[PDB]
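*Asks:* Could you have a look at this structure, given as structure tokens, before my questions?
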Amino acid sequence: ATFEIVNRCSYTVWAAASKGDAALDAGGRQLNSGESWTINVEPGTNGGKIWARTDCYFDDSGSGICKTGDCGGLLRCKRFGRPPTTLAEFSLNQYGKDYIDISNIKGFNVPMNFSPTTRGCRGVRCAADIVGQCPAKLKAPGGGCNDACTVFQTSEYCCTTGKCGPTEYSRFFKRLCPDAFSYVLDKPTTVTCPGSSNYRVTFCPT
């Protein structure tokens, strides 16, 4: 499957793509404002994610740091990124269908649209100014808007027991972005697409 990752932000981002235990494609690339990077993701990939990283520095070997979404200091991510990270999430060719969503469960750094480029389903978007509107206690000093689990490490925010409800913090994310997951047990906003669809992830769509 192809995923075109487009940076419409006015700032550089370092795109990342992983399934948690491996890179997808090269795993990461710098995208200056306006740049696009097309990756190939193997059919059947379960639990893939794409995200933006901000304020990164990498040496010539591809090792360094980012302020949001850092994946173990690598340009080419093999693992998931450090919150806060707006997440484009997907599982492909799962009993003949693909499943896509956006999640704020690991916080929000950069606004995102995640849409099919092929027929048969709709896209999802979280493009409100979550960083600007972020509750004081969730603001990450390193940049972005943390989720409450990251900040407070409680069973309730982290849904550790598989019993949790919405919270004042999750409701903030949900108010700003109704079509993204705001906590683990949120009413799903996952879209079913034809198996083997192709996609575009756009940072700063609006």
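Sequence positions for chain A are given in Swiss-Prot numbering; the residues included correspond to 23-228, in order.
Heads up, header says this was done by X-ray crystallography, 1.1 Å.
Any Cβ shown, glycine's included, is placed from N, Cα and C.
Not my notes, these are from Swiss-Prot:
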- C31-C226: disulfide bond (DISULFID)
- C78-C88: disulfide bond (DISULFID)
- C93-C99: disulfide bond (DISULFID)
- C143-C215: disulfide bond (DISULFID)
- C148-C199: disulfide bond (DISULFID)
- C156-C167: disulfide bond (DISULFID)
- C171-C180: disulfide bond (DISULFID)
- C181-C186: disulfide bond (DISULFID)
*Asks:* So which one is it: of the disulfide-bonded residues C88, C99, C167, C186, which has the fewest other Cβ atoms within 10 Å?
*Replies:* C186
*Asks:* In whole Å, how far is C167 (disulfide bond) from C226 (disulfide bond) when you measure between their Cα atoms?
*Replies:* 16
*Asks:* Show me the subset of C78, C93, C148, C171, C215 whose Cα is within 10 Å of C181 (disulfide bond); these are the disulfide-bonded residues I mean.
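*Replies:* Cα within 10 Å of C181 (disulfide bond): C171.
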*Asks:* Among the disulfide-bonded residues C78, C148, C215, point out the residue whose Cβ has the most other Cβ atoms within 10 Å, with all shown protein chains included in the count.
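*Replies:* When each Cβ's neighbours within 10 Å are tallied, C148 leads.
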*Asks:* Given a separation of at least six residues and a C-beta threshold under 8 Å, show me what packs close to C171 (disulfide bond) in the same chain.
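*Replies:* The list for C171 (disulfide bond) reads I127, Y179, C180, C181, given in order along the sequence.
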*Asks:* Per 10 Å Cβ neighbour count, which of the disulfide-bonded residues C180, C199 ranks highest?
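*Replies:* Neighbour-count leader: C199.
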*Asks:* When DSSP states are folded down to helix, strand and coil, where does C180 (disulfide bond) land?
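*Replies:* Assignment for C180 (disulfide bond) reads helix.
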*Asks:* Tell me the Cα distance separating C167 (disulfide bond) from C186 (disulfide bond), rounded to the nearest angstrom.
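*Replies:* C167 (disulfide bond) has its Cα 21 Å from the Cα of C186 (disulfide bond).
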